[PDB]
Number of protein chains: 4
Amino acid sequence: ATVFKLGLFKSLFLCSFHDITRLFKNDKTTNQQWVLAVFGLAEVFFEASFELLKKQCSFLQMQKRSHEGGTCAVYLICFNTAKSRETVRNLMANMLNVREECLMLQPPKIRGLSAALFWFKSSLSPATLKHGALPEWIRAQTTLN
Amino acid sequence: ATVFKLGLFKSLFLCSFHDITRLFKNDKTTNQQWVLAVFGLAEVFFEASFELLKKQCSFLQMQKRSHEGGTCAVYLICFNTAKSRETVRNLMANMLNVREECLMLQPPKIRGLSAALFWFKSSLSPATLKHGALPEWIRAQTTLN
Amino acid sequence: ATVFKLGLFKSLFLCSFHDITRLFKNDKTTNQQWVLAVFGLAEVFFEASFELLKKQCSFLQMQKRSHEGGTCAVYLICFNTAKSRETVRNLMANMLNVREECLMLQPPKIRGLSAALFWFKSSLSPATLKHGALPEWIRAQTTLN
Amino acid sequence: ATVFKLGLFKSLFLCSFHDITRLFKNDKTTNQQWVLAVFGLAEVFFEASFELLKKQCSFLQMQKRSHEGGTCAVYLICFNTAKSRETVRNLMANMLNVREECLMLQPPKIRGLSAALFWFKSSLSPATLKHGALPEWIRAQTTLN
DNA sequence: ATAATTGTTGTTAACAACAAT
DNA sequence: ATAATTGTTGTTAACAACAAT
């Protein structure tokens, strides 16, 4: 089913989900930073999720896009505390009110400019809900050294 | 300040919170049905909680009132599972995004036409959230038999 | 839906379920002795249930009957330990593998000869799985004083 | 007597129990997938457990062998929920109706064609209970890719 | 006076969190 | 050397059990 999640992400964000994240083949592996793509997200929840995640993220950047074929939202989360994909998954599958199957979770791609610019580009749009000091790895890669 | 609540609730709904709830002097005492009074509830979170609770309630009724003195909402919850105030306090605190301090929890006053009518009347405004088969106790005491 | 459970019990056992049990209007009320009518019971489970309940009943009498219109089984359980309808319900809904809705639980009718004879009559058939010393109240009422 | 088990299992299945399970030295360590070796299992309870587990497993495979030396069954369980041996020990003990002593529990040996084939071979006898989508790990290691 | 009703207290699955390689 | 992997340990919903009227 990923085939679709992925395909929809592309047509919606003009780039592969892979392009912005690095792989974690184990669901039990704990991490602080996470990239989340949510399909079929309800406006109200998306709104809530923001206010809610603030309470436990050093940084958080939420973005939602959509059209007739589908709707998707990407989250660049930075939990104050390391979380496994499971934990993150469980937590979010609920906070957002979508079956787990409507989620895509992989740790961000840090070393990579194409990637850094994705987050930077986003942060430029107003619609994007932002909270926190733009992460180190993104600036360090998108600044005139 | 519980008094300032009761008062506010009274001020807002026009009848002591006591007139619709039966005493439970133990936070560890579990029950399926509960009556919730929430104070300072964010518009969004109210809307959210409703869609979210549906996943775990057999019956749910929500009303929210306010004015230039404060905002307060009421819940008549019938959890599919029994839960101690301890639990509901936790669940609803984080769900509504408020301090445990902003919540009043006691099981409904099931036997007593007056109260039983409260929900009836409430179930008459379109600006109210309904869900599930209206409770036997509430139904009986308010229909010609 | 009880209407059916009941109706099926009759056509299957030639008597009302009420005829053999006394009412408990509260599900949280604990009791040792229980009468159970299970609809849609699977042979294998019915068999198992026997062996399983033995481990925790001073007495137990199981009986299963059926036909095209439906199938039903009655249990006269005597838990070594007092159990609420809930507890009993939860326990059995699972041990038997039927939704709760396929259960009927009420404490037996002790003072009553028509009732005593039901259990006695049953215990006379071979098919009936029996375990334990026939309860006091049944003998005391079905013996030549 | 664990040795008498292993031996019996070996005697019964023709290959060390070790050849299909990965070490977990902590009963409190939780996991979704488990391999169960049960000894002295009542015909009925085996049949029952299968229909019963289906309610809580994404994949399940059961085989039961015996001779004039003893009886032993094997389970490849993939619980929808993670469970420590502690838990499964309890759950399966009471479900199969045997002392904790009659159970051997270790997570499967997922990486290793040999073992991976065990289930494959096993999935070739009609006298075996199947349920759900055969596991990625088992599938991969045994199909032309 | 049977039960309806809460107290009140253990036990334990379902998890998060994190040490440790 | 990143993660994949279990240890290992709290916290707490989901309950049974039972005191008490």
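Residues numbered from 1 in each chain as written, not as in the entry; some residues may be left out. Chains lettered and ligands numbered in written order. Heavy atoms only, no water.

- Per the PDB entry, chain A goes by the name REPLICATION PROTEIN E1 and belongs to Bovine papillomavirus.

**So, the overall build of chain A**
Thinking step 1. When helices and strands are tallied, chain A shows five helices and five strands.
Thinking step 2. Start at the N end of chain A and walk to the C end: the helices and strands fall as α-β-α-β-β-α-β-α-β-α.
Thinking step 3. By the compact-globule yardstick of 15 Å for 145 residues, chain A fits well, its C-alpha radius of gyration being 14 Å.
Thinking step 4. Projecting the C-alpha coordinates of chain A onto the three principal axes gives extents of approximately 45 × 35 × 30 Å.
Thinking step 5. Sorting the 145 residues of chain A into buried and exposed places 47% on the buried side.
Thinking step 6. Summarising the internal contacts of chain A: among those between residues at least 6 apart in sequence, 72% fall at separations of at least 24. (Helix = DSSP H or I, 4+ residues; strand = E, 2+ residues; numbered from the N terminus. Rg over C-alpha atoms; globule rule 2.2 N^0.38 Å. Buried < 20%, exposed > 50% of the residue type's maximum accessible area, 1.4 Å probe, protein only. Contact = heavy atoms within 4.5 Å.)

**A word on the interface of chain A and chain B**
Thinking step 1. Contacts between chain A and chain B engage nine residues on the former and nine residues on the latter.
Thinking step 2. In total, chain A and chain B occlude about 780 Å² of area from one another, counting both sides; carbon and sulfur atoms represent 65% of this.
Thinking step 3. Along the contact surface separating chain A from chain B lie zero salt bridges.
Thinking step 4. Broken down by element, the side of chain A that touches chain B gets its largest block of residues, six residues, from helix 2 (residues 43–54) of chain A.
Thinking step 5. Looking at the side of chain A that touches chain B, its residues break down into four nonpolar, two polar and three charged. (Buried area = accessible area lost by both parts, 1.4 Å probe. Salt bridge = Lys/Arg side-chain N within 4 Å of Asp/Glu carboxyl O. Nonpolar A, V, L, I, M, F, W, Y, C, P; charged D, E, K, R; others polar.)

**Quick notes on the protein's contact with DNA strand E**
Thinking step 1. Taken together, 21 residues surround DNA strand E, and among them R22 and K25 of chain B together with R22, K25 and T29 of chain C come closest.
Thinking step 2. The protein-proximal atoms of DNA strand E, defined as those within 4 Å of the protein, are 92% sugar or phosphate.
Thinking step 3. One nitrogen or oxygen atom from the side chain of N90 of chain A is found 3.5 Å from a phosphate oxygen belonging to DNA strand E.
Thinking step 4. Between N26 of chain B and DNA strand E, the recorded distance is 3.3 Å, taken from a side-chain N or O atom to a phosphate oxygen.
Thinking step 5. Counting only elements with at least two residues in the surface near DNA strand E, the list comes to strand 3 (70–83) and helix 3 (85–96) of chain A together with strand 3 (70–84) and helix 3 (85–96) of chain D. (Near = heavy atom within 4 Å. Polar contact = N/O pair within 3.5 Å; in protein donor to acceptor, adjacent residues only side chain to side chain.)

**Considerations on the relation of the copies chain C and chain D**
Thinking step 1. When chain C is brought onto chain D, the operation consists of a screw motion whose angular component is 178° and whose axial shift is 0.0 Å, with 0.4 Å RMSD remaining. This pairing of chains is accounted for by a two-fold axis. Looking at the rotation axis and the C-alpha trace of chain C, the residue lying nearest is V44 of chain C, at 3.2 Å.
Thinking step 2. Take the interface residues of chain C: 100% of them recur as interface residues in chain D, which is what a same-surface contact looks like. (Least-squares fit on C-alpha atoms.)

**Some words on the pairing of strand 4 (residues 103–106) of chain D**
All names here are of chain D.
Thinking step 1. Because side chains alternate across strand 4, one face comprises the buried residues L103 and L105, and the other comprises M104 and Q106, equally buried.
Thinking step 2. For strand 1 (residues 30–39) and strand 4, the ladder comprises four bridges, and the chain directions are antiparallel. Within strand 4, the position partnered with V35 by the bridge is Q106. (Pairing = 2+ DSSP bridges.)

**Considering the interface of chain C and chain D**
Thinking step 1. Listed as interface residues are nine residues of chain C and, on the opposing side, nine residues of chain D.
Thinking step 2. Carbon and sulfur atoms supply 65% of the area that chain C and chain D bury against each other, a total of about 780 Å² over both sides.
Thinking step 3. Where chain C touches chain D, the interface holds zero salt bridges.
Thinking step 4. If one sorts the elements of the side of chain C that touches chain D by residue count, helix 2 (residues 43–54) of chain C sits on top with six residues.
Thinking step 5. Here the side of chain C that touches chain D is built from residues that sort into four nonpolar, two polar and three charged.

**A few points about the relation of the copies chain A and chain B**
Thinking step 1. Structural alignment of chain A on chain B gives an RMSD of 0.4 Å, achieved by rotating through 178° and translating 0.1 Å along the axis.
Thinking step 2. Most of the interface of chain A is mirrored in chain B: 100% of its interface residues are interface residues there too.

**Some points on the protein's contact with DNA strand F**
Thinking step 1. Near DNA strand F lie 21 residues; those nearest to it are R22, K25 and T29 of chain A together with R22 and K25 of chain D.
Thinking step 2. Protein-adjacent atoms of DNA strand F, using a 4 Å cutoff, are sugar or phosphate at a proportion of 92%.
Thinking step 3. One of the side-chain nitrogen or oxygen atoms of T87 of chain C is found 3.1 Å away from a phosphate oxygen of DNA strand F.
Thinking step 4. For the surface near DNA strand F, the secondary-structure elements that each account for two or more residues are strand 3 (70–84) and helix 3 (85–96) of chain B together with strand 3 (70–83) and helix 3 (85–96) of chain C.
Thinking step 5. At three residues, strand 3 of chain B tops the list of elements feeding residues into the surface near DNA strand F.

**Here's the deal with the sheet that holds strand 5 (residues 129–131) of chain D**
All names here are of chain D.
Thinking step 1. In spatial order, the strands read 4-1-3-2-5; together these five strands make up an open sheet with antiparallel pairing. Edge positions in the open sheet fall to strand 4 and strand 5, since each of these has one partner strand only. Each strand of the sheet is rotated relative to its neighbour by a mean of 15°, with strand direction disregarded.
Thinking step 2. In terms of strand pairing, strand 1 meets strand 3 through nine bridges, oriented antiparallel. By the bridge assignment for strand 3, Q33 is matched with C78.
Thinking step 3. Relative to the sheet, helix 1 (residues 2–13) contacts strand 1, strand 2 (57–67), strand 3 and strand 4, its axis offset from that of strand 3 by approximately 105°.
Thinking step 4. Sitting on the sheet, helix 2 (residues 43–53) touches strand 2, strand 3 and strand 5, and the angle it makes with strand 2 is about 170°. (Axes fitted to C-alpha atoms, helices over the stretch in contact; angles between N-to-C directions.)

**Focus: the environment of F4 of chain D**
Thinking step 1. Locating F4 of chain D in the fold gives a position in helix 1.
Thinking step 2. For the pair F4 of chain D and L117 of chain D, spaced 113 residues apart in sequence, the C-alpha to C-alpha distance is 25 Å.

**Some words on the environment of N31 of chain D**
Thinking step 1. Looking at the secondary structure, you find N31 of chain D in strand 1.
Thinking step 2. In sequence terms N31 of chain D and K83 of chain D are 52 residues apart; their C-alpha atoms lie 5.3 Å from each other.
Thinking step 3. Within the structure, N31 of chain D has its side chain in polar contact with the side chain of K28 of chain A (distance 3.1 Å).
Thinking step 4. A polar side-chain atom of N31 of chain D sits 2.8 Å from the main-chain carbonyl oxygen of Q33 of chain D.

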